[PDB]
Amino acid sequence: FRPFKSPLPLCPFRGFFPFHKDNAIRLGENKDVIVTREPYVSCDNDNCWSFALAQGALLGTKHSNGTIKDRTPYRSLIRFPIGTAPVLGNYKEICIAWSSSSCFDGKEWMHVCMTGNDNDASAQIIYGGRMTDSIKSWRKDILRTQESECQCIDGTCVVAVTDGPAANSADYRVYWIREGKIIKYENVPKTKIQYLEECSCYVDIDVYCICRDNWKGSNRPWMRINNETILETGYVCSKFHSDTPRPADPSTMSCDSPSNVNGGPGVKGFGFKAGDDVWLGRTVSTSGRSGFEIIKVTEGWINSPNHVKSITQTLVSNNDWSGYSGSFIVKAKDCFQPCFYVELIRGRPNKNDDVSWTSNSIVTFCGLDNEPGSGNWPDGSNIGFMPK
């Protein structure tokens, strides 16, 4: 017997530390590795796992040509041991998906898997390996979800879902799902948030989600959610913005609205509220998906004149390609430890990655209440060595 996961507080932390790294592109030089993108990490009672949307092809084969394409019937959510490259001999196929979320509720895994036509997609809910429920596209425009782990509290899992156009008004919802059965949903209030997608969520008593506004906000939209309802919404107050593209530091403090500058197209990212402060992941570049750093902004969670970047950890240099990033948690004793992954995209459309495919490797970091050192942990592939 295992109990459902509880509403634990986030553990104390003062810096982030290198955890697992798969080096998947380097290891894929001889065409062993499955083409992926939109990876993430999620853990059960016994293991943390890598997840990613595979492309139904091996890296460097003819079928990998053109895998920049976002949605195909040949994409599946796959799972593989954390920090290992995904290969045919180690992967598990979770469901057919070109958008996904996964989370463990203390007893079983839940997955949310979108596939099908852009104008008529459906999300399949998997629980304990069984398809238990589904969501039918209601705006008929690329029904989609987090691309990182959802969160579960006392047996009820919470997941953010979007249907509708990019860079215009769309529908944003949270779904509450228990043992694979949809209990209810809520349309996210639009009093503050104007656009939300690709939420990166964690638990600190309640579920916090920090997401991607691909329309008018260079600042990130966020929600606080419990097992019953959405409790609060906003944009991250920090005058230092964390989407990509975005304005140079310092920019506007916008707690209640999109920054109305450099709003599109954005990238999936994450942050962690800490007291009145906030930690924010972001690309080093303000324009492109290169580099990765994480900053701590004093009073960055609140309306304040005192925002300052107290800490900056540079984890992937600006000379290296990054991509999506997302939060995951690991249960410590009586608190949840904040961790995150960074997708390191290689191939199209990256400048000078002269290959026909698009894929990624993974690197991960976890938070400790200790002072970190410094380093650089990029993809590390010599793109010239690779099968094109």
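The first residue of the shown sequence is 1; numbering continues from there.
Between the stretches 116 to 124 and 297 to 305, it is 297 to 305 that shows the larger average CA temperature factor.
Comparing 53 to 61 with 349 to 357, the higher mean C-alpha B-factor in the PDB entry belongs to 349 to 357. When the Cα B-factors of 151, 200, 101, 310 are read from the PDB record, 310 comes out highest. Note on 285, 134, 76, 72: the highest value goes to 285, judged by CA B factor as recorded. Residue 220 sits in the middle third of its chain by CA B factor, as recorded in the PDB entry. For residue 25, the recorded CA temperature factor ranks within the middle third of the chain's modelled residues. Sort the chain's modelled residues by C-alpha temperature factor and residue 183 lands in the middle third, per the entry. In the deposited entry, the Cα temperature factor of residue 89 places it in the lowest third of its chain's modelled residues. Remark: residue 190 belongs to the highest third of its chain, ranked by C-alpha B-factor as recorded.
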